[PDB]
(Lines of atoms letter the chains of each structure in order from A and count residues from 1; the text may use other names and numbers.)
(Lines give C-alpha, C1' and ligand atoms only; values in the text may rest on other atoms or scores of the structure.)
Protein backbone atom coordinates (compact mmCIF):
# COMPACT_ATOMS: atom_id res chain seq x y z
CA UNK A 1 0.00 0.00 0.00
CA UNK A 2 0.95 3.64 0.58
CA UNK A 3 3.87 3.25 3.00
CA UNK A 4 5.39 6.34 4.60
CA UNK A 5 8.18 6.77 7.12
CA UNK A 6 7.47 8.63 10.36
CA UNK A 7 10.98 8.38 11.84
CA UNK A 8 14.45 8.07 10.35
CA UNK A 9 17.06 5.67 11.65
CA UNK A 10 20.09 7.88 12.28
CA UNK A 11 22.63 5.08 12.79
CA UNK A 12 24.67 3.04 10.35
CA UNK A 13 23.38 -0.17 8.75
CA UNK A 14 26.13 -2.69 7.87
CA UNK A 15 25.95 -3.14 4.11
CA UNK A 16 26.43 -6.90 4.51
CA UNK A 17 23.01 -6.97 6.22
CA UNK A 18 21.23 -5.17 3.36
CA UNK A 19 19.03 -7.03 0.87
CA UNK A 20 17.26 -4.36 -1.20
CA UNK A 21 15.91 -0.81 -1.09
CA UNK A 22 12.96 1.28 -2.21
CA UNK A 23 11.69 4.85 -1.94
CA UNK A 24 8.44 5.82 -0.27
CA UNK A 25 5.66 7.73 -2.01
CA UNK A 26 6.23 11.33 -3.09
CA UNK A 27 3.01 12.18 -1.20
CA UNK A 28 4.58 11.16 2.11
CA UNK A 29 5.25 14.01 4.52
CA UNK A 30 8.86 12.83 4.84
CA UNK A 31 10.94 11.57 1.93
CA UNK A 32 12.65 8.31 2.78
CA UNK A 33 14.73 5.45 1.43
CA UNK A 34 13.62 2.17 3.01
CA UNK A 35 16.31 -0.49 3.39
CA UNK A 36 15.29 -4.14 3.71
CA UNK A 37 17.72 -6.30 5.64
CA UNK A 38 18.48 -9.99 5.26
CA UNK A 39 16.48 -10.62 8.48
CA UNK A 40 13.50 -8.88 6.84
CA UNK A 41 13.52 -5.60 8.77
CA UNK A 42 12.48 -2.45 6.91
CA UNK A 43 14.52 0.54 8.10
CA UNK A 44 13.61 4.12 7.19
CA UNK A 45 16.51 6.34 6.14
CA UNK A 46 17.07 10.00 5.30
CA UNK A 47 17.71 10.40 1.54
CA UNK A 48 19.77 13.53 2.30
CA UNK A 49 22.29 11.49 4.32
CA UNK A 50 25.47 10.68 2.41
CA UNK A 51 25.68 7.17 3.88
CA UNK A 52 22.21 6.46 2.47
CA UNK A 53 23.13 7.51 -1.07
CA UNK A 54 26.32 5.45 -0.86
CA UNK A 55 24.38 2.39 0.33
CA UNK A 56 22.03 2.68 -2.66
CA UNK A 57 24.97 2.97 -5.05
CA UNK A 58 26.38 -0.21 -3.50
CA UNK A 59 23.11 -2.12 -3.91
CA UNK A 60 22.78 -0.80 -7.48
CA UNK A 61 26.42 -1.67 -8.25
CA UNK A 62 25.57 -5.32 -7.52
CA UNK A 63 24.06 -5.44 -11.02
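Numbering follows the first chain given and starts at 1. Each form is matched to the other, and the largest set of C-alpha atoms that superpose within 1.5 Å is called the rigid core.
In summary, of the stretches 3-11 and 54-62, 54-62 shows the greater Cα distance from the shown form in 6 other deposited structures of this protein, with structures fitted on the rigid core. Sort the chain's modelled residues by C-alpha temperature factor and residue 44 lands in the lowest third, per the entry. Sort the modelled residues of the chain by CA B factor and residue 36 lands in the middle third. Among the modelled residues of its chain, residue 15 has a C-alpha B-factor that falls in the lowest third, as given in the PDB entry.
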